[PDB]
Amino acid sequence: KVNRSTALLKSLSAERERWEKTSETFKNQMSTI
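Our numbering numbers the first residue of the sequence shown as 59 and each following residue consecutively.
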């Protein structure tokens, strides 16, 4: 279904943004360990 495809597309784009934020947080934690 097209609606399901669009919903999962926007959800996975949000996941991409969240997980690149997680990656940069992981890079930040190296400075403090």
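Quick reminder that beta carbons are idealized off the backbone N, C-alpha and C, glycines included.
If you draw a straight line from the alpha carbon of residue i to that of residue j, how long is it in whole angstroms?
i, j, result
"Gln87", "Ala72", "23 angstroms"
"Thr80", "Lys59", "31 angstroms"
"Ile91", "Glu82", "15 angstroms"
"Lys85", "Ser69", "24 angstroms"
"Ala65", "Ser89", "37 angstroms"
"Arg62", "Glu78", "24 angstroms"
"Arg76", "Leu67", "14 angstroms"
Can you tell me where the alpha helix (DSSP H) with residue i in it begins and where it stops?
i, result
"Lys85", "60-90"
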